[PDB]
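Peer 1: Got a structure for you, questions after.
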Amino acid sequence: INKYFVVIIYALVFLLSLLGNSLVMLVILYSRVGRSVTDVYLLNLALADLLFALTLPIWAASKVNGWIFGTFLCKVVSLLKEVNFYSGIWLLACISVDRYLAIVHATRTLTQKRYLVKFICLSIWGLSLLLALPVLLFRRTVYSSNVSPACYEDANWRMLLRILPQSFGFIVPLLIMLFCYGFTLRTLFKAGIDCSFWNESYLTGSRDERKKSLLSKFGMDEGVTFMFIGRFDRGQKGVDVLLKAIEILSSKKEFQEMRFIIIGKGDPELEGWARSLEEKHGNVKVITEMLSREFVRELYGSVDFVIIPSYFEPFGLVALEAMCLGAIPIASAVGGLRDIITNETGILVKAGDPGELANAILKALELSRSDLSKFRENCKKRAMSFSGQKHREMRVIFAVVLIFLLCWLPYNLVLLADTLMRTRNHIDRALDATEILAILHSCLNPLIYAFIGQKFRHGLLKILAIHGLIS
Ligand SMILES: CC[C@@H](Nc1c(Nc2ccnc(C(=O)N(C)C)c2O)c(=O)c1=O)c1cc(C(C)C)co1
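All residue numbers for the sequence shown refer to this note's numbering, where the first residue is 1 and numbers rise by one.
Here is the structure:
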């Protein structure tokens, strides 16, 4: 029956994990050079999967006939399969902690004191053994009426020893993983800009001289400048908020002190309102033309402030470009924009309020009195921090975690469903199908490195070239 197939898959995975993880441990251990804190954690993960692989042929014979191998051998096998999970899930959380402090925050960890990394994973294996200590007490050979011997568990303390590793060995590292991986992915998405195009170095002369010449080119008098480079639309780029803010500013004396440049094509009702304001005020300029990135670069450097009153912005790409050339952004607190803009690098406002934006334009007017040379420079530093990219290296780790959860989450979710049922054939075969999914993981990580793992790929053929391989 289905029993023959199980033994095939078990023997098939066993080999793919043995060779797989052994190759991975070799490639990591061969050269100490270039090996990172993450490479150390991935090496421990490879060993955790390598140990669990060893129990698979004993588990294969356990399907044909029951658990005959011994009461002791149950504890041996049961500890390795539990330790492999708790260690593997905790090692993945340590990768998250390292990558969070390194990508979303600009802080390298344990680089100077690399000896401490060894103690971290030693602690991981230890905590993993203590988490799996109750199964060393309650897991043995269980005999029943007319059925083959089996390997499974059986007071109030026994449930506590099952509830304690359920939350601290599954939910606690998972919680840390969701916060860290989630917020790293968020900032990973944001940087798409190339500092080879948008840079301060490419600009000629000084930012105040570039401004006076821009105004002279735009037929406007000397003063503080505000720029808009979004699309003319309702409910997305919020040009209507800007045209209404200009309208309420119109009545004030401080309005004559400032100049406005509203660039963008779109909505004919918004195009009209922008042209009417241009024709009425000598300090308002509107460009319907679709300008080239070379001209926009000259604008970002010369103009003092860039206003982004966008209702929805998933990525602050227009702010990233503006900040890379040293323009203080007056953007509404929305997606991407709340993250990139700090009280040190721009002004944040309420999304759909034209009254509050006018007060931010007025606030920016008063802040310009003092030399904002450092404030403009801070924006260049902050945008650039986002500019550095690891995104390609991380694509491997995201595949690792994605596949880990796709293999272990269905087993743990079915585990809760059958334990809380006490406290069916459809749910019995469900646990039989989620079992083989968690087994398949044991050989998947090496395959991921063999597919998209750029350090492992090159590193493996680097060793092959040293000994055998040629041309
Ligand atoms: C799985 C084995 C493989 N490790 C790999 C990656 N790891 C990393 C992934 C993301 N971020 C880091 C990191 O934290 N930084 C500081 C770059 C990694 O290290 C890969 O990508 C990849 O492949 C490897 C490494 C080596 C040598 C360097 C010893 C040989 O094989």
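From the three backbone atoms N, C-alpha and C, an ideal C-beta is built for every residue, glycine too.
So what does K285 bridge to, in DSSP terms?
Peer 2: Paired residue(s): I261.
Peer 1: Taking the Cβ atom as the reference point for each residue, do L357 and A333 lie within a distance shorter than 8 Å?
Peer 2: Their beta carbons are not under 8 Å apart, which means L357 does not touch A333 by this criterion.
Peer 1: Report the residue ranges of all beta strand (DSSP E) runs contained in full by the segment 334-395; include only those spanning at least 3 residues, in chain order.
Peer 2: Taking only runs of at least 3 residues, the beta strand (DSSP E) segments lying wholly in the segment 334-395 are 347-349.
Peer 1: Quick one: is the Cβ of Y143 within less than 7 Å of any heavy atom of ligand 1?
Peer 2: No, Cβ of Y143 sits at least 7 Å from all heavy atoms of ligand 1.
Peer 1: Would you tell me roughly how many angstroms separate the C-alpha atoms of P354 and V401, rounded to the nearest one?
Peer 2: Between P354 and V401, the C-alpha separation is close to 44 Å.
Peer 1: Just reading off the alpha helix (DSSP H) that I1 is part of, what are its end residues?
Peer 2: Segment: none, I1 is in no alpha helix (DSSP H) and carries neither H nor E.
Peer 1: Just verifying my parser: in three-state terms, what is the DSSP assignment at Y115?
Peer 2: The answer is coil: DSSP assigns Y115 none of H, G, I, E or B.
Peer 1: First and last residue of the alpha helix (DSSP H) that includes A322?
Peer 2: Looking at the DSSP string, the run of the alpha helix (DSSP H) that includes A322 is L317 to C324.
Peer 1: In this structure, how does DSSP classify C121 when only helix, strand and coil are distinguished?
Peer 2: In this structure, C121 counts as helix in the three-state DSSP scheme.
Peer 1: State whether the segment 321-333 contacts the segment 299-306, with contact taken as three or more CB pairs (one from each stretch) at a distance under 8 Å.
Peer 2: The segment 321-333 vs the segment 299-306: in contact.
Peer 1: Do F170 and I89 have their C-beta atoms within less than 8 Å of each other?
Peer 2: Cβ atoms of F170 and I89: closer than 8 Å.
Peer 1: Out of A364, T187, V239 and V396, state which residue places its alpha-carbon closest to the alpha-carbon of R338.
Peer 2: The shortest Cα separation from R338 among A364, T187, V239 and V396 belongs to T187.
Peer 1: If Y10 sits next to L91, beta carbons under 8 Å apart, how far is it from one beta carbon to the other, in whole angstroms?
Peer 2: No, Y10 and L91 are not in contact; Cβ-Cβ is about 25 Å, not under 8 Å.
Peer 1: Taking three-plus beta-carbon pairs below 8 Å as touching, is the segment 78-87 in contact with the segment 114-134?
Peer 2: They touch, by the three-pair rule.
Peer 1: Taking 7 Å as the cut-off, is the C-beta of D208 nearer than that to any heavy atom in ligand 1?
Peer 2: The answer is no for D208.
Peer 1: Any idea what DSSP makes of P329, helix, strand or coil?
Peer 2: Residue state, collapsed to three classes: strand.
Peer 1: Could you check what DSSP says for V13 in three-state terms: helix, strand or coil?
Peer 2: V13: helix per DSSP, three-state reduction.
Peer 1: Looking at C-alpha atoms only, which residue of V142, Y300 and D233 is the closest neighbour of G264?
Peer 2: When only C-alpha atoms are compared, the closest one is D233.
Peer 1: With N65 and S148 assumed to form a contact (beta carbons below 8 Å), what rounded beta-carbon distance in angstroms separates them?
Peer 2: Indeed, because the Cβ distance is near 6 Å, the residues count as touching under 8 Å.
Peer 1: Using CA coordinates, which residue listed in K244, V286 and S251 is at the minimum distance from residue 479?
Peer 2: This structure cannot settle anything about residue 479, because the visible part of the chain is limited to 1 through 471.
Peer 1: Quick one: any contact between the segment 369-377 and the segment 309-317, if contact means 3 or more CB pairs under 8 Å?
Peer 2: Result no; under three Cβ-Cβ pairs closer than 8 Å.
Peer 1: Relative to the C-alpha of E279, which residue among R297, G230, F386 and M220 is closest?
Peer 2: It is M220 whose Cα lies nearest to the Cα of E279.
Peer 1: Determine which residues share a DSSP beta bridge with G169 and list them.
Peer 2: Paired residue(s): none; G169 is not in a bridge.
Peer 1: For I427, count neighbouring C-beta atoms within 10 Å of its own C-beta (all shown protein chains included) and say buried if the count is 16 or more, exposed if not.
Peer 2: When all chains shown are included, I427 counts as exposed.
Peer 1: Should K118 be counted as a contact of ligand 1 given a C-beta to heavy atom distance under 7 Å?
Peer 2: No, Cβ of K118 sits at least 7 Å from all heavy atoms of ligand 1.
Peer 1: So the beta strand (DSSP E) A150 belongs to, where does it begin and stop?
Peer 2: First-last of the beta strand (DSSP E) with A150: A150 to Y152.
Peer 1: Tell me, please, which residues DSSP counts as bridged to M227.
Peer 2: The partner list for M227 (beta bridge, DSSP) reads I261 and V306.
Peer 1: By Cβ distance below 7 Å, which residues in the same chain neighbour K63 in space, the five residues on each side in sequence not counted?
Peer 2: The residues are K3, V6 and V7.
Peer 1: With 16 as the cutoff for other CB atoms within 10 Å, does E344 come out buried or exposed?
Peer 2: Classification for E344: exposed.
Peer 1: Could you tell me whether the segment 440-448 touches the segment 406-414, using the rule of 3 or more Cβ pairs below 8 Å?
Peer 2: Yes: the two stretches touch, three or more of their Cβ pairs being nearer than 8 Å.
Peer 1: Starting from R275, trace the beta strand (DSSP E) in both directions and tell me its first and last residue.
Peer 2: Run containing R275: none in the beta strand (DSSP E); it sits in the alpha helix (DSSP H), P268 to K280.
Peer 1: Any heavy atom of ligand 1 closer than 7 Å to the Cβ of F456?
Peer 2: Yes, Cβ of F456 sits closer than 7 Å to a heavy atom of ligand 1.
Peer 1: So, for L50: in the same chain, excluding its five sequence neighbours on each side, which residues have a beta-carbon less than 8 Å away from its beta-carbon?
Peer 2: Correct list, in chain order: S17, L18, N21, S22 and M25.
Peer 1: In angstroms with no decimal places, state the Cα-to-Cα distance between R376 and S302.
Peer 2: So the two alpha carbons sit approximately 11 Å from each other.
Peer 1: Within a Cβ cutoff of 7 Å, which residues of the same chain sit near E257, ignoring the five residues on either side of it in sequence?
Peer 2: Closer than 7 Å at Cβ, skipping near neighbours: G223, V224 and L365.
Peer 1: Do the segment 181-199 and the segment 381-388 make contact, defined as three or more Cβ pairs closer than 8 Å?
Peer 2: Enough Cβ pairs lie closer than 8 Å, so yes.
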